[PDB]
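Quick note: the coordinates plus some simple rules give every number you see, no bench work behind them. Note that each Cβ is placed from the backbone with ideal geometry, even for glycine, and that neighbours are counted across all protein chains shown.
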Ligand SMILES: O=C1N/C(=N/N=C2/C(=O)Nc3ccc(S(=O)(=O)O)cc32)S/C1=C\c1ccco1
Ligand SMILES: O=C1N/C(=N/N=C2/C(=O)Nc3ccc(S(=O)(=O)O)cc32)S/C1=C\c1ccco1
Ligand SMILES: [Zn+2]
Ligand SMILES: [Zn+2]
């Protein structure tokens, strides 16, 4: 099982902020960006990132 493109549950767990294994952004010690770790856009935290995509 996995939720992302990467092995974030499948054997390993992978951080969304810094991209390294063995932890999650809640447990991470790296500096936090001016935007979302889940889509990359500014002005929100990734739990407010609930809206649908479009084209
Ligand atoms: O509630 C929260 N969930 C979060 N989930 N972040 C993830 C990440 O970096 N890698 C993951 C791999 C697997 C899963 S999963 O558990 O398999 O979906 C989740 C994650 S961060 C957070 C709160 C928080 C507060 C301050 C900083 O972060
Ligand atoms: O409690 C939570 N905090 C979260 N904060 N998200 C952040 C993000 O994406 N980029 C940031 C950059 C700076 C800061 S900061 O505001 O400067 O620390 C926070 C964030 S996510 C979360 C719970 C969660 C559950 C499911 C998905 O996410
Ligand atoms: Zn990290
Ligand atoms: Zn987002």
> Bin by bin, in steps of 10 Å, what percent of the Cα pairs in the chain do you find, going until the bin that has the longest distance?
Replying inline: 22, 49, 27, 2
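Cut-off is 10 Å between beta-carbons; in what order do 12, 50 appear when sorted fewest neighbours first?
On the way: 12 11, 50 7.
Listing 12, 50 from fewest to most nearby Cβ atoms yields 50, 12.
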>> As a footprinting exposure proxy, order 33, 26 by other Cβ within 10 Å, with the fewest listed first.
In response: 26, 33
